[PDB]
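These notes concern the structure reproduced below.
In this analysis, Cβ positions are derived from the backbone assuming ideal geometry, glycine residues included, and neighbour counts consider all displayed protein chains. Numbers and lists here come from the model and the stated rules, or from a named source; no laboratory instrument gave them.
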Amino acid sequence: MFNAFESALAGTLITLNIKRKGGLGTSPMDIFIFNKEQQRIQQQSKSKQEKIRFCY
Amino acid sequence: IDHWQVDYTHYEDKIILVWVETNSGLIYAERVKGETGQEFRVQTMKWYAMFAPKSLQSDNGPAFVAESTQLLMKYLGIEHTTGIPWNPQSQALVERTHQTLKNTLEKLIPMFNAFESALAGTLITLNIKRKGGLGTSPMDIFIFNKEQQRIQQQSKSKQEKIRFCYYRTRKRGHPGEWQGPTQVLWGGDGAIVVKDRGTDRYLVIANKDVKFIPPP
Amino acid sequence: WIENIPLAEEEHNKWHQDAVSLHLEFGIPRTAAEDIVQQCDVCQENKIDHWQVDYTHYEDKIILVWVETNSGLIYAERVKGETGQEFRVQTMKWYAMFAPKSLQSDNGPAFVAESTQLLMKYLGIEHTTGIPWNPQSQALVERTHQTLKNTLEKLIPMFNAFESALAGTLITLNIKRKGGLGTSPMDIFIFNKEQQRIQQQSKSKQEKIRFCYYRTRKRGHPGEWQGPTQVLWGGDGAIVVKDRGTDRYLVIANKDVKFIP
Amino acid sequence: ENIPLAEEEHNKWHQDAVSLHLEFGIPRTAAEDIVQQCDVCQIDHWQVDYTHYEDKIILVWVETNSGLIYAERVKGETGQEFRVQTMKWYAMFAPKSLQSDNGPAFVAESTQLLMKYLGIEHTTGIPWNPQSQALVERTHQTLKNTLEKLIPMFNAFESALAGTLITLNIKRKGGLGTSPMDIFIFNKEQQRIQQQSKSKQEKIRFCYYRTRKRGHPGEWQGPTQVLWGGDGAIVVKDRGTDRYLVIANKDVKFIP
Amino acid sequence: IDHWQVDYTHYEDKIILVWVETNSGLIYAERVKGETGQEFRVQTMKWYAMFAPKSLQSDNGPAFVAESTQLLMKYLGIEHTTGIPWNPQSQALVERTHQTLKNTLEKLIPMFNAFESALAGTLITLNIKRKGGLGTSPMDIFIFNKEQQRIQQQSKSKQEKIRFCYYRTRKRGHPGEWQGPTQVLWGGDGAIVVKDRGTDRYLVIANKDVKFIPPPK
Amino acid sequence: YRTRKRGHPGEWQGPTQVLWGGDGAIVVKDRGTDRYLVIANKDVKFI
DNA sequence: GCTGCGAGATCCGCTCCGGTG
DNA sequence: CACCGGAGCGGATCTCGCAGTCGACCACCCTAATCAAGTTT
DNA sequence: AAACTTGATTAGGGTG
DNA sequence: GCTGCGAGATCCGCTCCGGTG
């Protein structure tokens, strides 16, 4: 479909990093990027204020 | 936090609109030509630009209970409580804040050509140079509180998600085929928690075997 | 944040950012970061609470526009004239609102008026008058005034009082207006000051200079004492010091320090 | 839905679709649709330039909004090289839209066609917008300045290129410790979410609508368009108020 | 304990390698042919035979800071601390050690044929015959310190319960927050013993700024 | 035992009880303040 | 008119017997 | 007297061999030995 | 008369 | 100082809707 093997490489790349979507109909790209949002330090660091108890 | 109170005060024939924060005790003041509604509309616009109020107390005086004042507190979106201020916890701080206000005005005003420079001086002394407890000043308390608000906000916004991975836990031996979807109860370093649906059983799950997901 | 600091200069000598990005990433005190930039020749080879104030005429109303150089946070108030003394009043009140460290401005009269400079001294501010040469700040400030007059032009019909609508643009731009993940320049500033506080309670011991002798360990084997050098950032159980050899901040546990009183 | 309440606010104060998204947590394509539709004020959106550094033709990409960037070193500014470049460029992203200028490889028909194969907005024209153009210039100047720092540190040029890229994309930060990458990731989050939640579902539909007075159903009103169909609700402009409204689907009659 | 300090000293063209125990005040010394690393390695092998060092101070001199001297300290598993001598706590002891030493040498060296005999004499006077307090010698203080460092003393402590505590710190009387919780390191009277997590420092806490934490039930 | 001020030695103090030994330093009561202290092993003389 | 099954080592569950407050 | 632990047996699970029997070639990274030229005693 | 020392360039072994 | 899960065809366990003695 392409002039370029490597544009076709782009095409495969595109598709499976995106266009392949499954389960809930989501790419990997969804999940990476989502998790980068969930990999955030600040909300992640903000939670320190919440109480600790110990326990036995 | 960001709960304030207004009172008009007269320091030597100069009307001074006295904004008083209830928790931090950080104060604001500006010289006033008259106690009319419209002038207070300008002052609480500028003030709402400088301070980011949630909420307010005051007396029932005309400017506050004035219609377009109230409408403007809604248009700016503040909770405005007019009424006979009844609260000793507030009115003690309001009263002493006025007392120390005219106290330190009477200190600094000789030192300054303009009086607004002087009252600005008093704002500096109380907001900033005044230090108590372990040595924090009011503006430090206030800035800390404003920050604490947004801390609550972001912390919520990550609480809101409730993500679910797929995992591979136990079942006979070694590593099984993928499992779940079950939500992230808790994040670890290199692991998390889940529930095991079949056994209803929470599990300590190393991220070696965890795939992370939006439930939707 | 002893550990972060050497590591942060180490990142910077590599990657050459703002002192900002290091402060924010590495969670250090920022003025160490600013020191790294000043101690990074490269970012000195290529070049908080710092402001610039420019009078601006909108509709024959002199508007004294303070522009914070980092956050993009801004103040302004209608001023009667460009007089020195009225500006002295405005910077006294405004210095009561903010905690400005430093300032830029042009050579216009009120700024170069002598008692204004004596007053910026009286409050302990670094005031720099000069033809502002920096596109970093001047793009921000030019853009600031364009957006200012444009948004005034939006808001002033909605309010009787032009002062109320001036407060309007202050509201929309410093509060309502945001960026990125929700950054209003106000909240940026609030962060800057709150993070200035916690260093600031460390700063009281820092402003007084200490020197120390210091050493490091190899497989735990302590090397000889090194220094005398300044005690750069006091930590809990340690400090920071610079290696005179590598030109690098370094953590030294208090056991491996002798403070020089 | 926050989207019509945000609209109620923008009709008052008239902020940036940036700050409407940010304030209200609405979509930015929603927020952009507001600012486009608000007569007072009347993403995935980029720009390219070629440029030479040390006789190295280097493709550029600069996002218009997060500001975040991509580039690649290039042999020549010709169409086909670029065509593969934008294949991959597209491939690293989910680009909606673009600006560029009228240059040949940009305006090139197979390349433009190729946008249409991608189904994407291409705009060539003398780029007029100082919003963009300053940022573009800052990018080039900052960038080659950062090369001038970094490239001696590298065996490879394009390694060093990756270095400058990292600096600007990532290691540099602004705001709260926001590199443009932080920004972009956040943008794509709620934008892909609104996009998936809204765009593919249904388009160009009208309805009759009512509002409840103490729960008492109003008359059936409109016909007007369904602007954003929600989960259990929609978004509609009441024509008289010039204001958008959340309407529950039970108070909707969808006009086929 | 077993924290020692060395300084070479010349007494009448005789190098004397003077070991100084930083607590008991006990010493070892010997006439030395040279300040060389190698001779010192031999001296500290003999001395590690006559004593059981954990740890050491000395100056930065060539013998000490020498590589194989350091490797010898580690070969014996001793903590070797080299430095610009900066302490008046121990350098008081070492200063009056060498002053008193040369004093006593100057007393005894006529009384014996050999300077090694008389030097040993000085060691006898100052380690053994020198007595203080209730009449304890510094050598007695050393043996006592060594005798009390026993791991059967570790055993009893291992047998015991531990209880835990929150704690806070007063600044100008302004109490800090409750912290930790932490072990009670030791029960005191009106206080206890704990460590700071943050500064990694043994601290005393007044029992009011202690909250004794309840055990399980 | 004895204490430091800017590193500079105080005089020897006590005798006071040997109460809790730690690693590198111990516990005594300050009889002066009726409060316990901690003293580097090099800063102690046991009896 | 032709088609993948069995051997090796783990892992969990069920049954019988014994110990604990 | 119910719950838990130890030893033995049964059911379930993951990987690989029988498909003949195994070895050359290209390219990159890491480790090691010798000639021409230059020093001394 | 003897020795001792250094820069490049080829022989083996482990990964695609 | 490290670990076989993933793409590709088939099929049973269920529900929602329609027809009718």
Just one of B:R168, B:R150 is touching a helix residue (DSSP H, G or I) at 6+ places or on another chain (Cβ under 8 Å) and within 16 Å of DNA strand G (Cβ to nearest atom); which is it?
-> B:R168
Got a sec? Which of C:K258, C:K242 is over 20 Å from the mean Cα position of the chain (by Cα), buried (at least 21 other Cβ atoms within 10 Å of the Cβ) and part of a strand (DSSP E or B)?
-> C:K258
Residue count for the stretch C:66-124, restricted to those that are assigned to a helix (DSSP H, G or I), more than 10 Å from every other protein chain (Cβ to nearest Cβ) and closer than 30 Å to D:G175 by Cβ = 2
Qualifying position, being more than 22 Å from D:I193 (Cβ to Cβ), more than 16 Å from DNA strand H (Cβ to nearest atom), under 39 Å from the mean Cα position of the chain (by Cα) and aromatic (F, W, Y), among B:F164, B:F144 | B:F144
Condition met for B:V193 (aliphatic (A, V, I, L, M), out of contact with any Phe, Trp or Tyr (no Cβ under 6 Å at 6 or more places or on another chain) and more than 15 Å from DNA strand J (Cβ to nearest atom)) | no
Checked B:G132, B:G187 against criteria (over 19 Å from C:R197 (Cβ atoms) and of a type outside the set (V, I, T)); the one match is B:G187
Reported set for the stretch B:192-216 where residues are more than 16 Å from DNA strand G (Cβ to nearest atom) and at positive phi is none
Scan the stretch E:108-141 for residues that are on the phi < 0 side of the Ramachandran plot and exposed (fewer than 13 other Cβ atoms within 10 Å of the Cβ) and jot them down.
-> E:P110, E:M111, E:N113, E:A114, E:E116, E:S117, E:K129, E:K131, E:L134
Would you confirm whether any residue within the stretch B:131-154 is within 14 Å of chain A (Cβ to nearest Cβ) and aromatic (F, W, Y)?
-> yes
Quick one: in the stretch B:171-183, which of the residues that are buried (at least 17 other Cβ atoms within 10 Å of the Cβ) and away from DNA strand G (no atom under 16 Å from the Cβ) is farthest from the chain's Cα centre (by Cα)?
-> B:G180
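Okay, residues lined up against (1) over 20 Å from D:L5 (Cβ atoms); (2) polar (S, T, N, Q); (3) touching a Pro at 6+ places or on another chain (Cβ under 7 Å); (4) outside the structural domain of D:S100 (by CATH):
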| position | (1), (2), (3), (4) |
| --- | --- |
| D:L176 | yes, no, no, no |
| D:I185 | yes, no, no, no |
| D:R192 | yes, no, no, no |
| D:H216 | yes, no, no, yes |
| D:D242 | no, no, no, yes |
| D:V246 | no, no, yes, yes |
Evaluation of B:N103 against (1) away from DNA strand J (no atom under 16 Å from the Cβ); (2) touching a strand residue (DSSP E or B) at 6+ places or on another chain (Cβ under 9 Å); (3) polar (S, T, N, Q) (one fails), failing number = (2)
Please tell me if C:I209 is within 26 Å of the chain's Cα centre (by Cα), among the hydrophobic types (A, V, I, L, M, F, W, C) and surrounded by fewer than 16 Cβ atoms within 10 Å (Cβ to Cβ).
-> yes
Specify the residue that is farthest from the other protein chains (Cβ to nearest Cβ); the eligible residues are those in the stretch C:168-188 that are of a type in the set (S, T, Y) and closer than 16 Å to C:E153 by Cα.
-> C:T169
Scanning chain A residue by residue, those away from chain B (no Cβ under 11 Å), in a helix (DSSP H, G or I) and hydroxyl-bearing (S, T, Y) turn out to be A:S7, A:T12, A:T15
Members of the stretch E:67-84 found to be surrounded by fewer than 17 Cβ atoms within 10 Å (Cβ to Cβ) and out of contact with any strand residue (DSSP E or B) (no Cβ under 8 Å at 6 or more places or on another chain), listed by number | E:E67, E:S68, E:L71, E:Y75, E:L76, E:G77
Among the residues of the stretch B:142-168, how many are hydroxyl-bearing (S, T, Y) and within 12 Å of DNA strand J (Cβ to nearest atom)?
-> 2
Does the stretch A:23-34 contain any residue that is more than 22 Å from the chain's Cα centre (by Cα) and crowded, with 16+ Cβ neighbours inside 10 Å?
-> no
Can you name the residue in the stretch F:24-47 that is out of contact with any strand residue (DSSP E or B) (no Cβ under 8 Å at 6 or more places or on another chain) and not hydroxyl-bearing (S, T, Y) and is also farthest from E:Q89 (Cα to Cα) among such residues?
-> F:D34
Could we say that E:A92 is of a type in the set (G, A, S) and surrounded by 18 or more Cβ atoms within 10 Å (Cβ to Cβ) here?
-> no
When the stretch E:115-174 is checked residue by residue, the ones that are of a type in the set (K, R) and closer than 27 Å to E:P215 by Cα are E:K156, E:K158, E:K161, E:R163, E:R168, E:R170
